[PDB]
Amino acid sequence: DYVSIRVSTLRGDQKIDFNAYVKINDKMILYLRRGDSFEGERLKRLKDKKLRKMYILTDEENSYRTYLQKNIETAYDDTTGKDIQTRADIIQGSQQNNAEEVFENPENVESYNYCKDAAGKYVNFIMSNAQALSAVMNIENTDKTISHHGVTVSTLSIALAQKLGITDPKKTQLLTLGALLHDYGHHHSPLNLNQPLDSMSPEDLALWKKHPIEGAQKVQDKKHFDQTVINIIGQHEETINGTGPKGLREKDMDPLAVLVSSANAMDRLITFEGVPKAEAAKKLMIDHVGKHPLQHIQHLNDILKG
């Protein structure tokens, strides 16, 4: 009667040719109407509302499928001259949707490969459009979700890799994919991530510490998962001086996971701990002493101010 869709796929200026419903007290409540769009301030209709899944009429699923495919085809097209924020709105949401699909169906080879291919397209988008990174970084994680945070971390990771001279396309694709999926271990956790680690209850901190271990264990023997991705999921909370959950030091880590660890630490401060982005580098240095390579912190600070 109804089928679910991910809210991350409702983006940009294309007019929807379907209704969409929000579930309230187990009923499907009409919220978006045929003809609606979501460019610019219109996106506010989908923000700050903890919207993850919405629903469409099964009879309109074909309209929705074509809507989504047109959005992504148009947004990745570098020849359109289309507004960069609208392209970023669509692409950021598509990346988030791809991650959510993998988190919900980690056994699905097709979904993983789709996410992987799209991570490559994302690298190209960021690399080939001067203002793409800045546009994506304009898209605030209002609901503090792990999928949105994955996209942000992947974005910081791509730029950091560029600043470090990591050029290998295979490596950048795996870096991006690993960053996208890095917090798989938090999927369906009761933990409220939107609080500072250092002031979490002992119970919450203990729960938090489990996530990279549990996440990696679940996917490590799945053949379709790339080893680098498994490494990033499992090692991204490790710090170079051995203070993270597994106690790894830099020499023990996948180098790409060290990058993601740095990029993650920054967004956790900015998005989950309410730290102003200009102060985030200092905070890592004086509150996360020796946890991440200074060159990463310096580069990330530079990326954040443009």
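Heads up: residue numbers just count along the shown sequence, starting at 1.
Just going by the entry, 196-204 versus 117-125 on mean CA temperature factor gives the higher value to 196-204. As listed in the deposited structure, the average C-alpha B-factor of 244-252 and of 59-67 is greater for 244-252. Annotation for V151, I158, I213, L174: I213 ranks highest, by Cα B-factor. Out of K222, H236, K82, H186, it is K82 whose C-alpha atom has the highest B-factor in the PDB entry. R87: CA B factor in the lowest third of modelled residues in this chain (values from the PDB entry). The PDB entry assigns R33 a C-alpha temperature factor belonging to the middle third of its chain's modelled residues. Placement of the Cα temperature factor of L300 within the chain: middle third of the modelled residues, per the deposited record.
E104 sits in the middle third of its chain by CA B factor, as recorded in the PDB entry. In this PDB entry, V136 carries a Cα temperature factor that places it within the middle third of its chain's modelled residues.
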